[PDB]
Amino acid sequence: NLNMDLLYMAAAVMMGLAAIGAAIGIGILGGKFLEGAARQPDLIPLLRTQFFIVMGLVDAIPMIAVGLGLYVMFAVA
Amino acid sequence: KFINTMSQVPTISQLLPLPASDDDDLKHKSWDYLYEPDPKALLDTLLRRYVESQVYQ
């Protein structure tokens, strides 16, 4: 029945939006990391520490989104 | 040029264009400045102040 074709598209939309948000929200942060590095490389290790510490936060909601997307697209099908 | 209390020597020396001072930055791979607002307007004043300073010296 037409349950499964719409279920497919719902996961596709949620996960496409997740992908856009995560890609851009990390790109910005990494760009600032690189322009902070280039002015004084000797701080690369500390700023990379800070970079991961922060980026693990940006990747909070998009991970939830991908989890639900896979659940719907496979578990609920 | 005041060398010693017992000897002084006249000297004509250049101050423009800027003479080379053996200021090699090979230790300064490590960084570059944050410029507020831009480096060229700063460099202009730096050179003018430097010339004034050497005339005073």
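Line by line, the protein sequences give chains M and G.
Just so we're aligned: the first sequence equals residues 3 to 79 in the authors' numbering.
Just so we're aligned: the second sequence equals residues 173 to 229 in the authors' numbering.
Don't be surprised by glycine CBs; every beta carbon is placed ideally from N, CA and C.
Inset, instruction - Would you mind telling me which residues of chain G sit closer than 9 Å to M/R41, beta carbon to beta carbon, in chain order? - result: Contact annotation for M/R41 against chain G: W203, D204, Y205, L206 [CB-CB distance below 9 Å, chain order].
Legend entry - Beta carbon of M/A39 nearer than 9 Å to that of M/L45: The Cβ atoms of M/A39 and M/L45 sit closer than 9 Å to each other.
Legend entry - Cβ separation of M/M11 and M/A67, assumed to be a contact under 8 Å, to the nearest whole Å: The Cβ separation is near 15 Å, so there is no contact.
Legend entry - Assigned secondary structure, G/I175 (DSSP; H/G/I helix, E/B strand, else coil): Of the three classes helix, strand and coil, the one that applies to G/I175 here is strand, per DSSP.
Inset, instruction - Flag this pair as yes or no: are the beta carbons of M/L9 and M/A79 separated by less than 9 Å? - result: Yes; because the gap between Cβ atoms is below 9 Å, this pair is in contact.
Legend entry - Nearest-angstrom Cβ-Cβ length linking M/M65 and M/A13, presumed shorter than 8 Å: No, M/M65 and M/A13 are not in contact; Cβ-Cβ is about 15 Å, not under 8 Å.
Legend entry - Extent of the continuous alpha helix (DSSP H) run through M/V68: 63 to 72 is the extent of the alpha helix (DSSP H) around M/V68.
Legend entry - Cβ contact (3+ pairs, closer than 8 Å) linking the segment 42 to 58 of chain M and the segment 181 to 192 of chain G: The count of Cβ pairs closer than 8 Å, one atom from the segment 42 to 58 of chain M and one from the segment 181 to 192 of chain G, stays below three, leaving the stretches out of contact.
Inset, instruction - Classify G/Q226 as helix, strand or coil using the three-state DSSP reduction. - result: It is helical.
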